[PDB]
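Asks:
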Amino acid sequence: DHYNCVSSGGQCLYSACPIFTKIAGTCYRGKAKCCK
Numbered sequence: 001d002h003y004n005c006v007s008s009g010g011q012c013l014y015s016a017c018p019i020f021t022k023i024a025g026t027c028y029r030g031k032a033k034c035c036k
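Start counting the sequence shown at 1; every next residue gets the next number (the authors' numbering).
1) Would you say residue 17 and residue 27 are within 8 Å of each other, going by their C-beta atoms?
2) Can you give the Cα-Cα distance for residue 30 and residue 7, rounded to whole angstroms?
3) Report the partner residues of residue 23 according to the DSSP bridge assignment.
4) Alpha carbon to alpha carbon, what distance is there between residue 14 and residue 21?
5) Once the 5 residues before and after residue 24 are set aside, which same chain residues still bring their CB inside 6 Å of it?
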């Protein structure tokens, strides 16, 4: 979720995770990706 993502150094994004990151969970009731 958003809290876990952000406090674990990730970013919440609805798009593909950007270059040099990869999916590591979700955010925003599962609608977005957590990218790290």
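Don't be surprised by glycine CBs; every beta carbon is placed ideally from N, CA and C.
Replies: Quick answer:
1) Against the sequence shown, residue 17 aligns to sequence position 17. Against the sequence shown, residue 27 aligns to sequence position 27. No.
2) In the sequence shown, counting from the first residue as 1, residue 30 sits at position 30. In the sequence shown, counting from the first residue as 1, residue 7 sits at position 7. Straight-line Cα distance between these residues: approximately 17 Å.
3) Taking the sequence shown and counting its residues from 1, the one referred to as residue 23 is at position 23. Answer is 35.
4) Mapped onto the sequence shown, residue 21 falls at position 21. Mapped onto the sequence shown, residue 14 falls at position 14. Rounded to the nearest angstrom, the two C-alpha atoms are 14 Å apart.
5) Here residue 24 is taken as the residue at index 24 of the sequence shown, counted from 1. Excluding sequence neighbours, residue 24 sits near 10, 34 and 36.
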